[PDB]
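Only one chain is given next, in structure tokens, and it is the form deposited without 1H-pyrrolo[3,2-b]pyridin-5-amine.
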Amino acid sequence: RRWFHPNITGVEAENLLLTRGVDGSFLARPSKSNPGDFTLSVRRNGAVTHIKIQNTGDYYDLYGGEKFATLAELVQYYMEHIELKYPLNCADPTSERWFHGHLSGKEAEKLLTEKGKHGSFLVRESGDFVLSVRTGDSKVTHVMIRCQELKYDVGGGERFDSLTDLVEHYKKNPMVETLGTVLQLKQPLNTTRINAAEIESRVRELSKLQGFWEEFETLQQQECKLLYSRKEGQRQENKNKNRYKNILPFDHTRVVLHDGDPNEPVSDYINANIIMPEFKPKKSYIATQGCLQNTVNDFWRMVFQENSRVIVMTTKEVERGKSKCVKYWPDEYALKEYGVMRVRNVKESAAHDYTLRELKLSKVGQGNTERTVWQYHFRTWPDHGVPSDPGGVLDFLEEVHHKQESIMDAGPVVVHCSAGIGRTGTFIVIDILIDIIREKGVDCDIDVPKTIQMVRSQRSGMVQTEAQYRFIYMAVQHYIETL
């Protein structure tokens, strides 16, 4: 993911591609004119083309292109299918997990002493730099990094173009001390894990000139490790089963549909993934896209087979004149058959922020297969961005949690929006985090980007924007404050 430059301007991007690039050279950057948006800058026939990428929280929408779950997936697609030939690599270490910009020597040592373990390392500014590594069962070693004529070195040997290149080299080739100590750079220092009681202090330091952005962009740089196979969703027979062509379930976590019509060559596919905390069917989730008219039967087959008793719908059926999800439930008191599944809508209960629908699901032909499915439909989420206060979402997640908990042997909770990655990802992450505080008390350890990285290894692009990332912190804070 080196083609992503987090701090360059449109002008710097232009001069970078014209002087250091060639025809086919490209890079991507956060937009300066529109904060929260992105630009893909491509060099074609001696000139630079700037392509807008918009993300309001549901997906990356390339102007004159397609819709994608991540920026790395967008790039992989155009590099394997305006030509994107050569990534123009970024040397700026700001989004590295190990880089701590302006951190003092005293602060670095206490961080490695209180939070470190064998192989824990960080890099701080001294225009020189310091590499600090902890070794043992223990001691901290400091390695000076000289910057001489735009190149970096540890006072001998190779001279690197960037700090990333130097760190990568000494990770594969560890430095050995005179008396035999191997300075192993096993993992970056974990500085994101906080005690749940200390959330207000972290939210305060992240809100200062913001820190939320640096933490979120360091998380985004790591998405290139999550380019897992999505082959089943690419099969010809499964193409019209996807709301967005390029937003596909990972094959290793996808919901596999069994007992399908024997006359149907392919009846095992749904654009849905199992999401397991720390990767029990109960405390599990199914993140899925909003139903298409041709996937409504597959959706009820999925709900039935998984023994799900609770559905969370986080979108209105229609938003900004566009279909986000088709009505997959009957009108109040009506009974509908969706293929071999039968659904009765028993009652509809309206609250301020959401609607609750009591649905009775069963298989046609078998009376004793009947179970109540509780559908919680959040209706107040803004068309763009996140709510200004997390109170509404928290009361909703509390209700959903109590329903799931009261049901013996309940299957995973089904969570869906439009693409089933943005709002869906945000609801699932908040709910994982809150469940840790429920089970272990306010005196517990939480790590927001670790939790998101784990959920993202099970479905592409879970939690889409920095606004959602910030919302997760604000929701966890509010839960703890009212505790």
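Whichever C-alpha set is largest while still superposing within 1.5 Å between the two forms counts as the rigid core. Numbers follow the displayed sequence, beginning with 1.
Not pictured, yet referred to below: the form solved in complex with 1H-pyrrolo[3,2-b]pyridin-5-amine.
Checked against 1H-pyrrolo[3,2-b]pyridin-5-amine in the deposited bound form, the candidates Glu109, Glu306, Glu317, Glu223 yield a single residue with a heavy atom inside 4.5 Å, and that residue is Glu223.
Checked against 1H-pyrrolo[3,2-b]pyridin-5-amine in the deposited bound form, the candidates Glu217, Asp268, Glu358, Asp153 yield a single residue with a heavy atom inside 4.5 Å, and that residue is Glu217. In the deposited bound form, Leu71 approaches 1H-pyrrolo[3,2-b]pyridin-5-amine with a heavy atom inside 4.5 Å.
Contact between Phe4 and 1H-pyrrolo[3,2-b]pyridin-5-amine in the deposited bound form is found at the 4.5 Å heavy atom cutoff. With a 4.5 Å cutoff on heavy atoms, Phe26 does not count as touching 1H-pyrrolo[3,2-b]pyridin-5-amine in the deposited bound form; it lies far away. Though the partner is left out of this view, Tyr59 does not reach within 4.5 Å of 1H-pyrrolo[3,2-b]pyridin-5-amine in the deposited bound form, counting heavy atoms only.
Put simply, after the core is superposed between the shown form and the other one, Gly105 is the one residue in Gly385, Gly391, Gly339, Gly105 with a Cα shift of at least 2 angstroms. Superposition of the core reveals a Cα shift of less than 2 Å for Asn45 between the shown form and the other one. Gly36 is among the residues whose C-alpha shifts by 2 Å or more between the shown form and the other one once the rigid core is aligned.
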